[PDB]
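Chain naming follows the written order as A, B, C, D, E, F, G, H, I, J and K, and within any one chain the residues start at number 1.
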Amino acid sequence: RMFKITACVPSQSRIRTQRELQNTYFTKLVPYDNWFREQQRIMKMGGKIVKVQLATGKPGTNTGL
Amino acid sequence: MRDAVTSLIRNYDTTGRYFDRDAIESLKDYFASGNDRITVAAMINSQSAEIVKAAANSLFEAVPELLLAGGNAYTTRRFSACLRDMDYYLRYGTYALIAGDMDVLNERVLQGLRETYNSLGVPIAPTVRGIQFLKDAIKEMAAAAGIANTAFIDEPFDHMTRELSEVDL
Amino acid sequence: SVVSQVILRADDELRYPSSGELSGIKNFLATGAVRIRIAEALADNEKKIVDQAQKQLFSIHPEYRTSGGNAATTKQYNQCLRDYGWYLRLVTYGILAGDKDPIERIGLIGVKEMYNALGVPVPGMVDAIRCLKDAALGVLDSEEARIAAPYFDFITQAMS
Amino acid sequence: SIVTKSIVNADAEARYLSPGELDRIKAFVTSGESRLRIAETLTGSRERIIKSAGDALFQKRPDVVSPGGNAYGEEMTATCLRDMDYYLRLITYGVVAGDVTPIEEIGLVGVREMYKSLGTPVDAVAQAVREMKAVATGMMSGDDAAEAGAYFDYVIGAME
Amino acid sequence: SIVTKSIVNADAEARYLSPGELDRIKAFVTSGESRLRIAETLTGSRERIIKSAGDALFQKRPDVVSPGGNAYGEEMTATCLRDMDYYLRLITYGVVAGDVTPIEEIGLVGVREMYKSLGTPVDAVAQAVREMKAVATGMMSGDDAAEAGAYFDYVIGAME
Amino acid sequence: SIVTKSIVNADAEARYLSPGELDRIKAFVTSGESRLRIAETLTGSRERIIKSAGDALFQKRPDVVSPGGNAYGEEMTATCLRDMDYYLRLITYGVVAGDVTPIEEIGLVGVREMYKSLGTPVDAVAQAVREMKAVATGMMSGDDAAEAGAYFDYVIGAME
Amino acid sequence: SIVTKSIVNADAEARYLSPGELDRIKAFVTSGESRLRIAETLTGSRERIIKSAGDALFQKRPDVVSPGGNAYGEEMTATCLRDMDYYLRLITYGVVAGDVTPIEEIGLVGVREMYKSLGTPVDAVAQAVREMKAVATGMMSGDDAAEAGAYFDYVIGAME
Amino acid sequence: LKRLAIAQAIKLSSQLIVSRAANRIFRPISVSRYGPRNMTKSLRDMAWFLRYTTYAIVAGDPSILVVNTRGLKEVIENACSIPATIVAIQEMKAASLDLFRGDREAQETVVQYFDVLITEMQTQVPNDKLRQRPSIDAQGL
Amino acid sequence: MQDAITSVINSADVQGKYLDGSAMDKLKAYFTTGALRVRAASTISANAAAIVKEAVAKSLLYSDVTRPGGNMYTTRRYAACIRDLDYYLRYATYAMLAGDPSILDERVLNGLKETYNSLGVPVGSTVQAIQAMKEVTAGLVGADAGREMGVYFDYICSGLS
Amino acid sequence: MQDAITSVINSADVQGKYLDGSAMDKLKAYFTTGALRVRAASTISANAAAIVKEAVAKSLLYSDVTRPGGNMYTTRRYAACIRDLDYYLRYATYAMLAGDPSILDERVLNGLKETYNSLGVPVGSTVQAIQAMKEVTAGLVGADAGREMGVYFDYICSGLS
Amino acid sequence: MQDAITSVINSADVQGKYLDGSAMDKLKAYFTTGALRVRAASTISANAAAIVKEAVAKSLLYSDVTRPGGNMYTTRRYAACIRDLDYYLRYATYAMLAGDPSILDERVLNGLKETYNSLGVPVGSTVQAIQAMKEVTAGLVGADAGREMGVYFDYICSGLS
C-alpha cells in the first residue's frame, strides 16, 4: 500500500548551514508502513501537507496489504 | 555529560548506597558556589568574541612563527580556523565552568583531539599556551569583577592542558 | 519562549515534559510579572535610550557620519536610529518570552547576510548593541538589570 | 541533571547557553537547599517508607504474594522490598539532581523488558511506587510533598 | 500465503520466480488437499475445541476468572471464549494458506499493545492457545496434528 | 541453495522461518534423492553431452569456428569445449542445490563483461547451452528432463 | 555539447563556470568553423561513404549477408545501409556539437539491448562503423581525419 | 608559458612595486604614527597580496586569492584603514600594467586577478557554516 | 508553533509597536494560569494509558467497530487506534501547556482529514473517542483544568469533522 | 497484493464467518488449476526475450513508430520499450500464478496512464504490442493456459486504455 | 537542458534528416554570438553581489516589504531573498551562455509559482526585483549583451507571473 502525497517543506535551516538548494513541494509515493514517520517528520520541519491520497491500497482489506 | 551532581550520583550509584553526611556536604559545596560560577559564565558571555581575540593576539605575541612563513596559522584560512578553535575552547570552558566537572571536556573536546591535530599538522603546543592565555584572561577579568575565589575558574583549563599535554616526566 | 523550548524538545523524543522542565516553566511563569514591569519601563523611555546610545556610538565611531561612511546622509542616519529602536523592541520581546527564542527568530538568524547585503559593518553593530546595553541599563534597578543585561550580551554574541 | 540538560541542549544547537537557561540553572542552584532537605527527609526514613509501602501494596494487590505470584515466599518478598528500595533510592537521586535523567538513565529505560523477562506484572510495581508516594508525601510539608511527588509521578508514569 | 511470499520475494529482487520457488509452489499446490482436510477437521469441531480448551484453561489459570481477573463474570468469560474462537479461526486460515501471513497479518501484529490496553495477561492467552493446541492435536492423525501444531506453535511463539 | 535462501529471507525480516518455508525445505529434503539421480545422470555421461553439443553447435553456428571467429583452431576449440564443460558442471551443481544460486553465484554474474573482454558472441554461447540442453533432456525420463531443463533454461535465460 | 556539459558540471557543484571551463567554451567557439567544415565534408559525400563502407563490410563479414545472417535479402540489406546512415548522421551531430552527448544520448545507450532483440551481431556493426571510419578519414585532411576519427572511435568503442 | 612570463616579470620587479605602493600609501594619506609593529605587518601584507596574485596567475584559478582575502577585512579593520589597502591594491595593479605590456591579452589576465583581489576586499565577511544537530548526544560545530 | 507569549509578541511585532497595556494584561493572564497548566500537564502525564483505555472502554469497545467488518477490527488496527488516541491526548497536553492551538493545526490537523478519508477511518467514531477522552481527563484534573483541556479537545474534534 | 487464497480468506474475514462450502469450492478450483499455472509460468520464464522480440516483430517493427518522429525511435527509446514489454510479460506471469489481478492494478496500472500521457507514449500502439505478446504466449503455452494468460493481458490493456 | 546546438540537433534528429543549410545558418549565428556571450558571462560573474544588492537598493529597499508585516521583513527572509535573487541572476547567466531558455523552465520555473504561492511570497515585488536586476546588468554589460540577458530575464518574469 502506498500514499501518493503532495507536500511543501521549507527547511528553516539553510540560512545557518549555507547549503545549496533542494526543491521543495514534492509529489511522492510513500510506502504505507513508514508513511507515519514521514508525515510526522514533515510536521516536524513545519511544512504543510497539500494532498494525501491512497494510491495502491484498496482500503478496508485485512490481509494482502 | 556529567556535572558535579551527576558525578556524585554515579559515584554513589555503582555501590548502591544512599547519600551520607559527606555527600550532602559536597552537594552543598557545589550548590553554594553555584551563583559564583553563573556570574562568571555570564561575564564570559559578555565578552566571548573579545576574549578569544585578545588571547589569540597574546599567543601570537608569544610564538611569532605561526603568523610567519612556515607557521601553521599562516593564511587567513588558517588564521580563521585557529580563532574558531579558540572560540571552541572558551565555549567548552564555559560549559565546564557551569557544570563544575570535567566530563564535558573529556567527552566533547579532549577525546581524540590529538589525533586530528597530529594528522592535520596542527601543533598541539601553542594550542595549549593559547588555552591558558584564555584562562589567564578569564581569571584576571573575573577577579576584577568582585569575585573572591578563582579555583573553579582554574579547574577546566588546567584539566584541558593536563590532557593535551605531553607527559615527559 | 521557555515553554516553547520545553514543548519542542519533548516533542522530539516523543514524551511528555518531565518534572524538571515543568518546574523551570513554573520558575519563569512566577517571575513573569517583574518581566512585564521591566518591558514597560523599556517601552517608556526608548527615545532617550536610543538617543544616548546614538551619541555614545558616534563618540566611539565618528567614521560613519563622515564622508564615505553609512551615516553620511540623514536618510541612512534615520534608518540607523530606526535599527536601534527595532533592536530595543526585540530586547523587550526576548525578555518577555524568558529566552532568546523570538528575538533570534525575528532578528538574529542571518544578521551577517543582511548587513553584508547592505554596506554597514557588523563590528559597528557590536559596538552599537553595547552602546544600547549601557544606555538601557541606566534606567532600571539591579533586580531588573540582572534580567536585562544578558539579552544584550546574547545579541552581541550572535552579531559576531 | 539541569546543568547537563542545558549544556547538551545548547551543545547540539552550536550555541552558548541562552540567558533564560542561565537563570534556570541559577534558580536550580538556589533551590538546591530545599532539594537537599527533601533528600534528607527521604533518606532518613527509608525503613518506614519501604515497610509501610510494602504492607499497603500487599494489602492492595494480594495475588502477587499468594502462591502463583512473583513475590511469593520469604526471599521473593525480600527481593520485592529490595526493588522498592532501589526505586526510592532513584527517587532521592532525581530529587537532588533537579531532573529525571538519573531515574530514567538508571532504572526506567528497559524496565518493561526486564520485568517481562522476570515474569513480573508492571502494574503491581506501579502500585508499589504509588504506595511509596503516599507514605512519602504523607511525611513532608506541602511544597516538599509536591516536589517529591513530581518525581514519584514520573516513575509511575514511566511504568505505564 | 506461499504464492504471495514467493512473488514478493522475487519481486524485490527484480527477477522472476526461481525454479526452486516454483516447485515450492507446486508442492504446496499438491498438498492443498491435505490442508483442506485439516481445515475441515478444525472447522467442524470448533465447539468442542473452544469448550474443552476454555475448561482446561480456567482449570490451569483460575485467577483470570476469579474476581480481580480480566475474564471475570458472564460476559467477560463469553468475550474470552470469543477471543479463543478468533484465534482458532485464524489457525484455520493459516492452515489453508500454507503460511502464517494470514495469522500474523490479521491477529498477531499489535497483539501486545491491544492486550496491554485491555489489561489482559498475555501468558494466560498463550495458555489458552496451548490448550486449544492440545485439544486440536488430540483430534487428528499424526502428520495432521504436526501440520496444525506448526501454526498453533507459531501463535504461542508470537505471544511470547 | 534452498536452505540458504530461506534462512537469508527470514534473516533480513528479523523473524524465524515461517512454516511454509519449513515445508519447502522439507519437500526439497525429500526430493534430494531424485536430484542426486539427475546429478548422476548428468555426471556420468558428460563426454557424450559435451561432444554432441559441440558438434551440433558448430553445425548450427559455423562462423565461430571459421577463420575470423573466436573458437578457430585446435586450442581455441578445446577452450570452447572447456567452457561448455564448465557450464555443464554448474548445471550439475544447480541440480543438486535445488536453486540457481550456485550457477548464478559462480558463473553468471559478470558473464557479459568477461565474454565481451574475450571477444565472444554470447548468443553462440546460448546456442551451446541450448544444444547441451537438447542432448541432456534427450538422455533422461520426462520429469527428470523437466527438472534439468529448468536449470538449463535459467542459464540460457541469464545469457540473454 | 561542450556548453551543456560545462553548465551541468558547474551546476551540480553549486558554483559558476570556472575560468578554465570558460576558455574551454571559448576555444570550442573558435574551432566551430573547422567543425562545420568537417560536417560539410561528411554530409556532402554520404552516398559514397555508405556505399563503399557497406561494400567493404560485406566483403569483410560475408556471413551476415549469406542466408542465415541478419542482413540477408534486399530489404534487409537496405535496412542495414539505413542503420549505417543513422550512425553517420549521429557522427555528423557529434562533430558539430563538439562532444559525444548527441551520439550517446541518441543512438548508443540501449544499443546492445536493441541489437540483441533484433538478433544482430554487434561486432559486425562495429566493423561497419570501422569501414565508415576508413572511408571517411580517407576523404579528408590530416587533422580533420583525426577530429572525425575521434567520434568514429567513440562509436566503435561504445559498441564493444 | 605566457602566464610564467608575466609571473617572472612580476617577481623580478616586486620590490619597486612595493616601494611605489609605500610612497603611494604613507582617503587621507597615512600618518605614520603606526610605528614599527604596524609598519612591518603592512609591508608584509603588501608583499603577500602580490604573492598570491602570482600564485593565482600561475595556477589558473583565482580561488587561492578568494579563500584568503574574503574574510580578511575584519581582521585588519581594527588594525588600519581599509580604503588605504584598497587604493594600495589598485596601485599595485597599475604597477603591473606599468611593468609589462602585451597586445591586450596578458594585461587582461593581470587585471582579471587583481579585480578578484579588489572584489574580495569588499566581501567583508560571511558567517561560518553552523553544523547544528537535532540529536541531544551530538555536538554542534 | 507558538504559545500565548509568542503570539502576543508576533502581534505586537507585525504591528511594529511596543508591548502596550493590553499585551501586558494578556501575558499576566497567561502567567497566572501557567501553574495550573503545569499541574494539569503532570497529572495527564501520570495517566496517559489509563485515560486512553478508559476512552476506548467508554466509546469504541463492544460496538460494531471492534467486531468483524469494523475499522478497529484487527490487532494492527487496534494498536494503530490506541496510537492515534495517544497522539490526540499528547498534543492536547502540548496545546494546553502552550495556551495556543497553533501546534494542533500545524502538526495534527494538517493532513489528518485526508489521511483518514483515504484509509477509510470513521471520523465520527474517532470524534466520539476524543470526546470520551476529554470527559475522562476532565473528570481527572477537575473543572477548570478540564475546561482548558476540553477547548483544545474541541479544537481537534472541530478540525477533524 | 493477494492471490485467490488470500482474497477468499479476506472475504470470509470481512464477513467474520468461517470458511463455508463456497470458499472451499473456490480453493479447490485454484488447487486444481495451480499445476497448470506452474507449468505455464515455467514455460513463460523459458522464453521471455523471445516472446518480447516476437511481439515487437509482429506489431511495432517496420511501422512509423520505429521511424524518425516515432516515440520508439532512438536506441534509448527502443531499450525502454523492450523494458516496458518485459515488465508487462513478467507481471502477467505473476498475476497468472496468483490467480488474481490485484498485483496488476497495485503495481503496474497504478500511475501508468499518467506516466505514459506525460511522456508522450502512444497507448494504442503499446496496447497492440501487449495484444501481440498475448497472442505469441498463447501460441506458446496452449489453449487454456493461453486463455488464463490472456485474461490478465486483457486486464493490463483495459487498465491502460 | 539543451543549448542552441543541442536543440538544433534534436530538431534535425526528430526529423531524422541530416543538418541542412538552415541548421548550419543557426549554428553559425550561435558561433558568432558565443564570444560576446562568454565575455558577458565573465563580466556578470565579476559582479554578482553588486548586481543583486543594487537590485534590492533600487526596488525592495525602503518600501513596505522590508518594514514589519512585509514578506522581506526578518533577517531570515532577507537572506532568503538575496539567495533567490542570486539564483535568478545565476540561471539567467546560464541561459545566456546556452542561448536557450530550457534550463530556466526546467530548473527555475518548474515549481516556483506554487512554492511562492504556498509561502506567501509576493510575485509582483519579485518580478520588479528581477526587472531591476535586468536593468542593472544591462547597464553593466552594454546594449546587445544586456538585451540577450534581458530576454531570459523577461522569460523568468513571464514564467513567474
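Here, a residue touches a chain if its C-beta (ideal position, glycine included) is under 8 Å from a C-beta of that chain, and two chains touch if they have at least 3 such contacts.
K.L.:
Among E-I, D-I or F-J, which pair gives essentially the same interface as G-J, with more than half of the residue-number contact pairs in common?
P.N.:
Matching pair: E-I.
K.L.:
Can you check which chain pair, A-C or A-K, has more C-beta pairs in contact?
P.N.:
A-K
K.L.:
With chain centres taken as the means of their Cα atoms, state the distance from subunit E to subunit K in Å.
P.N.:
66
K.L.:
Just the number, please: Cα centre separation of subunit I and subunit K in whole Å.
P.N.:
Here subunit I and subunit K have centroids separated by 48 Å.
K.L.:
Mind checking the centre-to-centre distance between subunit E and subunit I? Centres are C-alpha means, answer in whole Å.
P.N.:
Subunit E and subunit I have C-alpha centres separated by 38 Å.
K.L.:
Just how far, in Å, is the C-alpha centre of subunit G from the one of subunit A?
P.N.:
So the centroids are 45 Å from each other.
K.L.:
Going by the touch rule set out above, which residues of subunit E reach two or more other chains?
P.N.:
Answer for subunit E, listing residues that touch two or more other chains: 1, 4, 19, 22, 98, 101-102, 105-106.
K.L.:
Tell me, which residues of subunit C touch at least two other chains?
P.N.:
In subunit C, 11-12, 16, 19, 22-23, 97-98, 106, 109-110, 113, 150, 153-154, 157 touch at least two other chains.
K.L.:
Can you list the residues of subunit I that touch 2 or more other chains?
P.N.:
As it turns out, subunit I has residues touching two or more other chains at 1, 13, 16, 42, 45, 48-49, 74.
K.L.:
Touching pairs of chains, all of them, please.
P.N.:
A-C, A-E, A-H, A-I, A-J, A-K, B-C, B-D, B-H, C-D, C-H, C-I, C-K, D-E, D-H, D-I, E-F, E-I, E-J, F-G, F-J, G-H, G-J, G-K, H-K, I-J, I-K, J-K
K.L.:
Report the residues of subunit C in contact with subunit K in the complex, numbered from low to high.
P.N.:
105-111, 113-114, 117-118
K.L.:
Once bound in the complex, which stretches of subunit I touch subunit C?
P.N.:
1-3, 5-6, 8-10, 12-13, 16, 18-20, 24, 27-28, 30-31, 34-35, 38, 41-42, 44-45, 48, 90, 93-94, 97-98, 103
K.L.:
Please output the residues of subunit C touching subunit D within their complex, sorted ascending.
P.N.:
Within the complex, subunit C contacts subunit D at residues 2, 5, 9, 16, 18-24, 27-28, 97-100, 147, 150-151, 153-154, 157.
K.L.:
Going by the contact rule set out above, which residues of subunit A touch subunit C in the complex?
P.N.:
Contact set of subunit A toward subunit C: 15-16, 44.
K.L.:
Residue numbers of subunit A touching subunit J in their complex, please.
P.N.:
Touching subunit J from subunit A are residues 2, 4, 29, 55-56, 58, 60-65.
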